[PDB]
K.L.:
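Structure provided below as structure tokens; questions to follow.
Starting from 1, each residue takes its place in the sequence as its number. Each ligand, and each atom within it, is numbered from 1 in the order the structure gives.
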Amino acid sequence: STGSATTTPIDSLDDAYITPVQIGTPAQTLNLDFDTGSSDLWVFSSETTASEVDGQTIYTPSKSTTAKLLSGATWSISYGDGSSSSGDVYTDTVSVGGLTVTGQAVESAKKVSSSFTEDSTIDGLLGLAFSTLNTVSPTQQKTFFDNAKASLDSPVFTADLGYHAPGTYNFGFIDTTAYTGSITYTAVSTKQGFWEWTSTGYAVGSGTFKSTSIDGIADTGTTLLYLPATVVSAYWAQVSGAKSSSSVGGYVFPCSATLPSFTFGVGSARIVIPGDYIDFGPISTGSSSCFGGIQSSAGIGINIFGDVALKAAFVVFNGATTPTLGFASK
Ligand SMILES: CCN(CCC(=O)O)C(=O)c1cccs1
Ligand code: NA
């Protein structure tokens with residue numbers, strides 16, 4: 001089997017991407033944020049505290065003939081941005097892009113933090129990291145990908161995110177029309193439960209490539225590219241008037257600037273992030289200071305190849321017995 005779904009930016013900055021997901025019978029379609037940095041499939045629901053729901057579409061298990069309470073199971077998650085959610089668990093049928101899993105754990109939110117409530121466009125998350133990170137207790141649950149894997153034509157999914165445009169998540173096959181050149185594969189460590197890999201270095205603009213190992217994770221649920229402070233300082237030093245502001249919480253730059261590209265290494269391959277991808281616009285409406293898309297990881301504890309990096313590439317998440325990541329230009 002295979003599945004193929006379109007993923008759409010939630011706003012004009014590509015702050016996140018939403019993908020429609022069918023849950024239950026008859027189908028309830030919710031727009032979920034597919035997150036390769038977490039392992040819970042959780043939704044706004046009929047159980048969510050009413051004051052914490054503001055425009056989201058909710059899952060109502062009582063209206064699904066295939067929903068069953070997973071008796072005694074609870075969940076609670078905290079993300080790297082400080083947001084959180086918790087609740088109870090149902091099993092139900094879940095379909096993405098024509099690919100169906102029966103018996104998927106659907107984590108129903110009773111509580112969500114303010115950042116979720118305030119984002120009316122995101123109805124929940126679909127985690128695509130390793131199932132070792134799933135927060136359901138006392139019985140940990142599998143991701144949608146881990147439940148689909150054995151049925152797929154090939155044990156893979158691919159992320160093809162757009163710059164200010166829709167893109168695609170495919171399950172079970174590699175669309176050889178979706179990228180240019182060849183795919184370069186690289187090793188993954190699952191020791192922390194993430195798609196963790198090692199980049200072979202970087203370049204700023206037309207500058208020379210610096211060969212240096214940069215461990216990090218491939219995380220579709222993180223907007224920006226978070227790298228070591230040395231690398232980030234070398235990038236922003238090429239932009240007149242750029243600086244780190246602790247008042248704004250990251251690198252800012254004059255909106256009048258033209259930004260240089262940023263290249264990262266995948267083995268001998270190179271992925272080039274155009275300068276425009278690194279512009280996240282005004283720090284507040286009407287401001288002439290703009291927020292940078294490459295930020296320091298020094299206050300995180302991990303480097304994160306978020307959407308700014310991933311949407312420059314066709315990315316293969318290979319869940320074979322020995323997992324790998326693949327990257328290609330497009
Ligand atoms: C021999 C290089 N090479 C493949 C790179 C390519 O895909 O061309 C590798 O070492 C791999 C190790 C782990 C996954 S692939
Ligand atoms: Na922000």
K.L.:
Given the side-chain rings of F305 and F264, with only the six-membered ring counted for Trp, is the space between their centroids under 6.0 Å?
P.N.:
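Centroid distance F305-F264: below 6.0 Å, so yes.
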
K.L.:
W236 versus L259: any side-chain heavy-atom pair under 4.5 Å?
P.N.:
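A side-chain contact under 4.5 Å exists here.
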
K.L.:
State which residues pass side chain to side chain donor-acceptor pair (under 3.5 Å) with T168; sequence neighbours excluded, sorted by chain then number.
P.N.:
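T168 satisfies side chain to side chain donor-acceptor pair (under 3.5 Å) with no residue once adjacent residues are dropped.
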
K.L.:
Tabulate below the donor-acceptor pairs under 3.5 Å that side-chain atoms of residues 94-102 make, not counting sequence neighbours, or state none.
P.N.:
residue	atom	partner	partner atom	Å
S95	OG	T100	OG1	2.7

K.L.:
Would you tabulate the polar-atom pairs, meaning N/O of ligand 1 against N/O of the protein, with distances under 3.5 Å, reported to 0.1 Å?
P.N.:
residue	atom	partner	partner atom	Å
ligand 1	7 (O)	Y185	N	2.9

K.L.:
Counting only heavy atoms not in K210 (residues, nucleotides, ligands), do more than 12 fall under 6.0 Å from its NZ?
P.N.:
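Atom NZ in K210 is not packed in, count stays at 12 or less.
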
K.L.:
Which pairs with one or both residues in residues 313-325 pass side-chain hydrogen bond (donor to acceptor under 3.5 Å, both in side chains), sequence neighbours excluded?
P.N.:
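Passing the test, one end in residues 313-325: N318-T324.
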
